[PDB]
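Alright, two takes on the same chain below, each alone as structure tokens: structure 1 and structure 2.
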Structure 1
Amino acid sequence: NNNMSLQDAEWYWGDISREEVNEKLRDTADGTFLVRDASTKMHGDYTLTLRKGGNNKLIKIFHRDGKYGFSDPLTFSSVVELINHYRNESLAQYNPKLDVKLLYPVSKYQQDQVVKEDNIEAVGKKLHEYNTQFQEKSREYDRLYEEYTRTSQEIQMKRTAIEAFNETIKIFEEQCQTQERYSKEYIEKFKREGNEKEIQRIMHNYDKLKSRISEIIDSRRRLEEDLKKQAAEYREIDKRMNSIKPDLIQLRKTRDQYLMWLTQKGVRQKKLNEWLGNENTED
């Protein structure tokens, strides 16, 4: 009702860091709130985090002579009464800019019931299996990311190479156009003269030039085809990465949920450390 246990209050969370508060209130609608013990650990602070305007606003509850309130004078009996009153009515009177209510309270009981197989051996075995799945997914994601980086490097260097081939072809074609421009008059003059040795020499040079240009065109075409194939592989690897990320996120989230459920049972944290992976895993 109006004045019950603060511990039993669902918006109460206990000793959670502001980092966890921000993680819980990330990308949530206006009015979302939770009450946590202050980081300073001074008794009676009870920082409240409401999300208005997209930002995790912080409002501090001053405690005095067995009363609570946002600012002097204190006119409320308890934190539960304060939270309920400002859920019922908006905060515009306290701060004219803060025109919002405390609509959606984060509750620890939903995660209490989402987790299944509550018994100790079941949660331990599920934690082990999900940790193995998470490690498999993480190693798969790391291999995929290194392959993606390697393929991106290959694509960049091959694009530079194909640009260099284009420039080489431009230079060769300009030179061959100049060759024809001079050789038209040169061959005409030597045809007027009546000799064929220089004519055949010039023709031999021209066909050698044409053979070289054809070879460079073939190499450029092969490089371009390889570039298209590598681009296809790059797109496929990007698609696999985008597919595999959400599953890794969900595995991590459910593994952490199982860890918190196990820890909220009075069992030994040393057993928790030994059981989980005793490894470089984040959590």
Structure 2
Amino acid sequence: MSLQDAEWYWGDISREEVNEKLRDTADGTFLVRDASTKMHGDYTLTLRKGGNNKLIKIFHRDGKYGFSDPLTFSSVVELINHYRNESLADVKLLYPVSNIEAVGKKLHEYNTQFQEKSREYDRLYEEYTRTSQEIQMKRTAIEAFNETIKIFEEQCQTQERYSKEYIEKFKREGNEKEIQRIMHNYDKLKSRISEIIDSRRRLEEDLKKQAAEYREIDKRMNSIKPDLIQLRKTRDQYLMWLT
């Protein structure tokens, strides 16, 4: 059988589109392409085994093709079919990779909407990064409020303690010192700790709202991504026709 019409033969020196085609495909999927060493007569073969693209060189001598000397096959197609029927022993060859106005308009529309989705994805990513930075700074501020609340808390505990005892009744030195200054001082202290705890609580609520916004942004980005990959693949495979 003649070459240049078989499924496995793809042609030019792309070199890396083989990796894309063979990635995330079933074991035994294969491709044959002539490139990377010389203009014609190289004919390397990429076979997917163990998740890896094994490379096998097809030696050519005296009009004969074959993996290793001596070469017993006539054409590339004969070798491919012979090793499709029989194993390489290490897995036999299994899966070969295979009007004008309408297709042109479809390709143009796909390019336009791919650009739309790319810009939307970029905007979503920048919003994600900004929200992440806001979340981190808000968490740091929450921890700072926690530490300030704690320090004010043992300050308040020490105050009451000493006060309550040192200054209890007229029998002590504080005949009217408590009422004069110290009860108001403790009043200001509890007002301050209440203000700080209220600030901590409201900032935790704001952090929860920001985390919900972060979750929503992540959901939107993660839903819009695979559609973007699918559209990129479709645009690429229509551009590969370029006719």
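Residues that one form lacks are left out of the comparison. One-based numbering along structure 1's sequence throughout. Superpose the two forms; the largest set of C-alphas matching within 1.5 Å is the rigid core.
(message) Looking between structures 1 and 2 after fitting on the rigid core, I'd like to know which of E154, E198, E147, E173 has a C-alpha displacement of 2 Å or more.
(response) After core superposition, the single residue displaced by 2 Å or more is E198.
(message) Core superposed first: is there a CA shift of 2 Å or greater at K41 between structures 1 and 2?
(response) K41 C-alpha, core-superposed: shift of 2 Å or more.
(request) Using a superposition on the rigid core, decide whether the Cα position of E188 changes by 2 angstroms or more between structures 1 and 2. (result) Yes.
(message) Taking 2 Å as the cut-off, check whether the CA of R18 shifts that much or more between structures 1 and 2 after a rigid core fit.
(response) True for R18: a C-alpha shift of 2 Å or more.
(message) Relative to the superposed core, report the C-alpha shift of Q257 between structures 1 and 2 in angstrom.
(response) Core-aligned C-alpha shift comes out at 1.7 Å.
(request) Using the rigid core as the frame, report the C-alpha movement of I244 between structures 1 and 2, one decimal, in Å. (result) So the C-alpha of this residue moves 0.3 Å.
(message) Using a 2 Å C-alpha criterion and requiring 3 or more consecutive residues, which regions move between structures 1 and 2 after core superposition?
(response) The segments that shift (3 or more residues, C-alpha shift of 2 Å or more) are 16-18, 41-43, 188-194, 197-200.
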